[PDB]
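Position in the sequence shown (first residue = 1) + 43 = this note's numbering. Where is the CB? At the ideal position from N, CA and C, for every residue including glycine.
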Amino acid sequence: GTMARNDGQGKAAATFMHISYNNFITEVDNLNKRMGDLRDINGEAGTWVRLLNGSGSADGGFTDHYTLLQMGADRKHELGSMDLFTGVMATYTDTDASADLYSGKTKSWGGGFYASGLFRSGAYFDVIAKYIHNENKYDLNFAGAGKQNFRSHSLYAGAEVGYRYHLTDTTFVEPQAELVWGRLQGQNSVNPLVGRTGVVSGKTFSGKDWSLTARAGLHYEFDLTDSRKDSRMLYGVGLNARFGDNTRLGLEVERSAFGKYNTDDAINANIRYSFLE
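Below, the structure is given as structure tokens:
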């Protein structure tokens, strides 16, 4: 009757929202994860592919897993002591999520543009704007709600800056700060905001025509459903490899602790081909 339906309605609105916010959070990236190392590339154009597979968990019995496949193309402009990459990208995501109240799958596509600036000083920025469309198909385990299909979408803007400080010829530390903001609308209009501050340190090995950089990162991250507060420490290890002049590979694994929502495991990989005209 009315009381059960109102309770149901409340649970459905909370669920729609959790899933919508989850779809946004899942897309939050950073320069190294998407693009790998962009320093000192001898090539005026590039193509890249990035894959991410990972799992998160939170309260309410929440657990999810996602796969992200992204590809992009850019041009490099050398302008004084700045290398500027301007590019475009397409994205796809498949996510499986469940909690005490629901179980289901979201399939998404999106795309956007980015500009990444790498300075001879060691400074860098990365700015991105993208669109993400989500198709959600979920069982609601409550109020005879059954199977529910609904769509959401969002606008995403991100700005990250950072600065590489060499300690020696082959080691560095790189503090970083990022802020991501969005407008999320689904069948709610909320404006999430996620921020991160952190440090990566690195050790580079090399031979005559290859290099391999081992990386360790530790970051503070906070996230707001509406610009409902959560925060966590992220811990990552990675490598970035160069083979000759044209091919790079990046790999990063990550986990978080202390969040209400955590990343329990995630492996990110990307390959970049860079080429002279």
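The shortest CA-to-CA distance from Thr-240 to any of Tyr-263, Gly-279, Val-223, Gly-250 is the one to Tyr-263.
Taking C-alpha positions only, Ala-133 is separated from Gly-115 by approximately 6 Å.
Look at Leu-74 here: in three-state DSSP terms it is helix. Cβ atoms of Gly-302 and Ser-270 stay farther apart than 8 Å, at about 18 Å.
Per the DSSP secondary-structure output, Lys-119 pairs in a beta bridge with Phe-128. Where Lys-150 is concerned, the enclosing beta strand (DSSP E) starts and stops at 145–162. Your pair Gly-79 and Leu-222 does not check out as a contact, with CB atoms roughly 22 Å apart and the cut at 8 Å.
In the displayed model, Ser-63 falls within a helix according to three-state DSSP. The secondary-structure analysis by DSSP pairs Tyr-304 with nothing; it has no beta-bridge partner. DSSP places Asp-83 outside any beta strand (DSSP E), giving it a letter other than H or E. Distance from the Cα of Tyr-199 is smallest, within the candidate group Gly-187, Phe-67, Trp-152, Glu-320, for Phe-67. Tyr-157 and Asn-311 have their C-alpha atoms some 19 Å from each other.
The three-state reading of DSSP puts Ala-188 in coil, since its state is none of H, G, I, E or B.
Pairing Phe-59 with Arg-258, the inter-Cα distance amounts to about 38 Å. One alpha carbon belongs to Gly-53, the other to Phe-318, and they sit about 54 Å apart. Residue state for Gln-52 is assigned as helix, using DSSP reduced to three classes.
Around the Cβ of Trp-253, a 10 Å sphere holds fewer than 16 other Cβ atoms; the residue is exposed.
The shortest C-alpha to C-alpha distance from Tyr-64 to any of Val-237, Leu-282, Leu-122, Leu-277 is the one to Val-237. Counting every other CB atom within 10 Å of its CB across the protein chains shown gives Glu-295 a total of 16 or more, marking it as buried. Where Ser-244 is concerned, the enclosing beta strand (DSSP E) starts and stops at 236–249. A check of alpha carbon separations from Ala-140 across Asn-231, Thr-45, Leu-183 identifies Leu-183 as the nearest. Positions of the beta strand (DSSP E) runs, each at least 3 residues long and wholly inside the region 165–228, are given as 166–183, 189–206 in order along the chain.
Counting C-beta atoms within 10 angstroms of its own C-beta, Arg-93 has 16 or more neighbours from the protein chains shown and is therefore classed as buried. Taking all protein chains in view, the Cβ of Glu-203 is crowded by 16 or more other Cβ atoms within 10 Å, so the residue is classified as buried.
In the structure shown, the three-state DSSP call for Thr-69 is coil. Rounded to whole angstroms, the gap between the alpha carbons of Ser-197 and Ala-309 is 23 Å. In this structure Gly-99 is in contact with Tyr-304, their Cβ atoms being roughly 6 Å apart against a cut-off of 8 Å. In the DSSP annotation of this structure, the continuous segment of the beta strand (DSSP E) that includes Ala-259 starts and ends at 253–267. The beta carbon of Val-71 is closer than 6 Å to those of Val-223, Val-237 in its chain, skipping five residues each way along the sequence.
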